[PDB]
Structures are given as structure tokens and as C-alpha cells.
> 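Got a structure for you, written out below as C-alpha cells; questions coming shortly.
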Amino acid sequence: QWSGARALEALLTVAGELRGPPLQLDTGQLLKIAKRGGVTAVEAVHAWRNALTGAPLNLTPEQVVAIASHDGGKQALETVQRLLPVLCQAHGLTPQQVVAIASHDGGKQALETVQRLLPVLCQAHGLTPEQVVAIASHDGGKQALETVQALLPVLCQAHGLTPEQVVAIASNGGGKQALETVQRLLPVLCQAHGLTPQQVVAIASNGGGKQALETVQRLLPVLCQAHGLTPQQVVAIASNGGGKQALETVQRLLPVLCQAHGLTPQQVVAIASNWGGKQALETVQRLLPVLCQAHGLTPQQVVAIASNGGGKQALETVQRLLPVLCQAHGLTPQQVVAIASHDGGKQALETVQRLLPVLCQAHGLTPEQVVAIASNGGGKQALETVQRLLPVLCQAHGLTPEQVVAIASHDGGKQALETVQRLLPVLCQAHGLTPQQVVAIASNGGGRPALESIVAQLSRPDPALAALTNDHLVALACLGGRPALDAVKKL
DNA sequence: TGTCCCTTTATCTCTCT
DNA sequence: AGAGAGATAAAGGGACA
């Protein structure tokens, strides 16, 4: 027999029951736990399904799936029920914070290390709990917390970094690695190649920070002199997500992409300066000619699509969907290029293809409106949220379709829509804001927190802001959102 | 294996002027 | 409003007891 067969049966036997109360997963959630948490994790969720759900912890079935779907999930589940009260009463953290900490590989380690080092890290090191929680909310949070305790002094004193910078570096997977590598390489990178600490913090403050630092050190000379890249251009590549892989891939494919396709170095850097840059570059090398065939998408359009995170996914999805969307949906190549030219372009194109019919026929939008919603980062989310919420917003809340589309046509459009639908009645009914004003506020990136800031001030007012009228607060929130209100508060 | 740690890639959301 | 920045997730590999 295949030996993993008994272990697969256990999974299903137990998985079956979990669809019932008090959790009741939906296969998606169940599949997820199995893949990452594995068999012992699916069994642990079952075993502790009652202890977690209701009193005393009262975790939503959502948070339970978040804690369980990682390596050592079972251990995290046992530790949360043991340490969530300790952490929520002895340190003043919220359950949301405890869950965020639990929800990573080795979460048991992170929760225990937080319980053990938070006092020392706030008292003797002057860190907030927020910062402690942030450091702890990544795989190996335990290692990062311990490395922060050990190296905060030398990093601020001998090397001149602020605590904020140290926290920023530590708050990624492999935090301990990035920290140790910054200690050794900060003088080397600053004094030998003339980088500022700030640039060095930016290179270190991503997952694989250690790898990006050492790769900058190694390849900077070769990049700046052989290829004519500026130091500034190298940093941009190393600090934007491609990291080590994008750097190594720039050295390889800069000449190839320039000579053979007439791309400028400026355009190549922009493709590389994203998450999965390596992947975007190699995909462009392969795909540019296929896309710009028979007068197809121009080079410039191909670069534009490529120059976003997951740009590889975007390029491939265009090649697949450019014909079907242009023909069977009546979209100009220009419109398809628009929707694909953002982070998650693949997701948006796919969602346009799926919902463009439904949004026009069932909700009476134009293609141009569906394109506008989709043509932002997270466009898939904005599209799905418009489909769900268009009726309750228009019918129950009074908004026009044009207004609902307006709120949706920005990064975070989904957050902006859910938050409007949530807070419109108290904003209008309880504090006298007009709908048009609420729509104005939420029709910008950062729509959600701007609206939350406003409601927070109208319901537990700060004297710091009381000299301002409702109309002023609105004018301010449209101008600069939560940041503009936070600033004014500090004055 | 189960658990812990690290690295790359993709997606989503908010900031900054 | 595009560019910059940063949180969160999925998925794979090393390591080890």
C-alpha cells in the first residue's frame, strides 16, 4: 500500500465532522489547514473546537483557521488557549494581536517569547507593545525578538540607527538574519559605496533582507561600472522585493533586453524594482515578442504591465486573455493593458472576465466603469465588493451607482466600500454629515482609515481637534485622510 | 513526521506630496 | 494620482530530534 493512505483517511474522517458546529469549515478552509498545518493540525482543531470557539476565548472560526494553518499549528493552538489570557491581561494586548502572533510557523515559540521578553523589551529598551507585536508576527518571531533584545544597543549606538529602524528591519521573516547582517555590513555599505543608513535599512527591511544586503555588496561594483547603473538604481532594485534574485537577474538580462528588444536601462530597472522582479524580467524576455506580434501590444505597454508586483502573472494572463476579452467582451487592447498594469493584474483580468457580464447586465454598469474599478491594485477585491454591495448601498443607503463606482475606483476600494456601508448611518444620522461628504472622504486611497478617523473623533472627541468644524474635518479628511488628521492632532 | 526557521513570489492596502 | 512603502499570505527548502 501507499503508506500515506491511512494518514489521508484520518484527515477525511475528522474533516467531515468539522463542517458541523461550532466551526463548520468550507473545504477551502479545510484544504488550507491540511496543506500547511497537516494532519495533526486538522485533528487538533477538532480536539479543541469547543474550547476555542465560545467561552472563554471566543475566537471566530476565522481566527481559528489562521492559527491552525501553519507548521506546528497544533502547538500554536495549545499555546493560544494557554497564553491568550496571560497576554491579554498581563500585558494589555488585544486578542487580535495575540492571534496575529500565533498565525505563523512556530507560533508557539513566538507567543512564549513574547510572554517572556515583552517586559524587558518595553522597560529596558523603550519599545512599545505594538512594536513588540510587529516583530513577533512573522516566522521565527522568537529569533527576531531575541536578536532585537541582544542587538538594539549596538545598532542604535555603535551604528547610529533609531529604534524605529531596528524594528522595521526585525519585522520580516528572517528578522534575526537581517539584523545580524546589517550589523556587519552597514559600515561596509555606507563607507565603501556611499550608501546612507536609510538606504541600507530599506534593503534590509524585507524578507530575505540578509540575502539582498550581501548581494548588493557583491554586485554593486559590477553593476555601477559595467552597466552604468547608478547606486540609486541598485538600491531601488534591492529594496523593492526582488532582492537578491532581481539583482542577479539584472546583471544577466540588462544587455539582452536592451540590445535584442531596444528597452532602455531605465525601463529594465523599473521591471526589476518589484516583488518577483526576476520572474518579471525573464517573462518579458520570453514574452515581449509574442505580445508585440503583428502590431500587437507595443513595447511600452509590455513594460508597463511588467513593472508591477507579480508582473510575470500579469503578462501571462494578458497573453491568455487579450484575445478573449477584446473580442467576446468588447474591450480595447488599451483597456486590457490598463487593468493588468497593477499589482495583482492577473487577479483583476480574471475577475473582469468573470464579472464584466454580471456587472453590466445585472447592475447596469458600463464596461468603462467596470474597467475603472478593476484598474487599481486589488481590483479583484473592489470588483467583488461592488458586486456584493452595489444593491445595499444604492437601495438601503441612497447612493447612486456613480458614487458607489467612485468609492471603488482606488486602491483599497473594497475596504472603502465595506467601511462606507458600515459607517454611513452613524455618520449621517448621528452626526449630520451629508452622504456626498461621506462619499468624498471615501473616494481616495486610504478611504477606510480616513472614515474611521472621522467617526472616532465625532464619538470620542479629542480637544486637540475640537477647534475644527464638521466641514473642516471633512475638508481635511478629503485632503490627506487619516495622516492629515493625525498630524493636526499633534498640534 | 512534526516543528521551527528562512527565503522568494504574489496580492492587497495605505502613505506621501 | 503614480511612486513608494509595508502587511499578509502561499509555497518551498533547510535543519533537527
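What you see below is based on every heavy atom in this structure, not just the backbone, and it leaves out hydrogens, waters and symmetry mates. To find a chain, count down the sequence lines: A is the first, B the second, and so on, and within it residues start at 1.
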> Atom pairs under 3.5 Å, N or O on each side, protein against nucleotides 12-14 of chain C: can you list them with distances?
from: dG12(C); atom 1: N7; to: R36(A); atom 2: NH1; distance (Å): 3.1
from: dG12(C); atom 1: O6; to: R36(A); atom 2: NH2; distance (Å): 2.7

> For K74(A), enumerate each residue passing the side-chain hydrogen bond (donor to acceptor under 3.5 Å, both in side chains) test, keeping only those at least two apart in sequence or located in another chain.
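Testing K74(A) for side-chain hydrogen bond (donor to acceptor under 3.5 Å, both in side chains), a comparison that skips the adjacent residues, returns none.
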> What pairs meet the salt bridge (charged side-chain N to carboxylate O under 4.0 Å, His left out) rule with one or both residues in residues 372-384 of chain A, with sequence neighbours excluded?
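Matches after skipping sequence neighbours: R354(A)-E384(A).
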> Could you check how far NE2 of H342(A) sits from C1' of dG4(C), rounded to whole Å?
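Whole-Å distance recorded here is 16 Å.
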> Holding to side-chain hydrogen bond (donor to acceptor under 3.5 Å, both in side chains), I want the full list of residues that pass it with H91(A), two or more places apart in sequence or in another chain.
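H91(A): side-chain hydrogen bond (donor to acceptor under 3.5 Å, both in side chains) contacts with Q115(A).
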> Along DNA chain B, 5' to 3', what are the outermost nucleotides having an atom less than 4.0 Å from a heavy atom of chain A?
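So the contact region on DNA chain B extends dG2(B) to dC16(B).
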> Going by the salt bridge (charged side-chain N to carboxylate O under 4.0 Å, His left out) test, which pairs reach into residues 439-453 of chain A, not counting sequence neighbours?
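Qualifying pairs: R448(A)-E452(A).
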> Heavy atoms only: give me the nearest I339(A)-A348(A) pair and the separation to one decimal.
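Closest heavy-atom pair between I339(A) and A348(A): CG2-CB, 3.7 Å.
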> Need one value for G241(A): base, sugar-phosphate or nothing, where a base atom within 4.0 Å counts as base even if backbone is also close, heavy atoms only.
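If one applies the 4.0 Å heavy-atom cut-off, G241(A) turns out to touch a base.
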> Going by side chain to side chain donor-acceptor pair (under 3.5 Å), name the pairs with one or both residues in residues 482-491 of chain A, residues two or more places apart or in two chains.
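Qualifying pairs, neighbours excluded: none.
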> Would you list the pairs meeting side chain to side chain donor-acceptor pair (under 3.5 Å) in which at least one residue belongs to residues 33-43 of chain A, sequence neighbours left out?
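Side chain to side chain donor-acceptor pair (under 3.5 Å) check on residues 33-43 of chain A returns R36(A)-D71(A), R36(A)-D105(A).
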> With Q75(A), which residues qualify under side-chain hydrogen bond (donor to acceptor under 3.5 Å, both in side chains), at least two apart?
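Expected list: none.
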> Tell me: CD of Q97(A) to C1' of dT8(C), nearest whole Å?
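Distance, rounded to whole Å: 16 Å.
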> Can you tell me the distance, in whole Å, between the CD atom of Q381(A) and the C1' atom of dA7(C)?
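Distance, rounded to whole Å: 14 Å.
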> Distance check needed: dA11(C) P versus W275(A) CH2, whole Å only.
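In whole Å, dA11(C) P lies 18 Å from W275(A) CH2.
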> Could you give the CG-to-P distance, from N444(A) to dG2(C), as a whole number of Å?
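In whole Å, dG2(C) P lies 13 Å from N444(A) CG.
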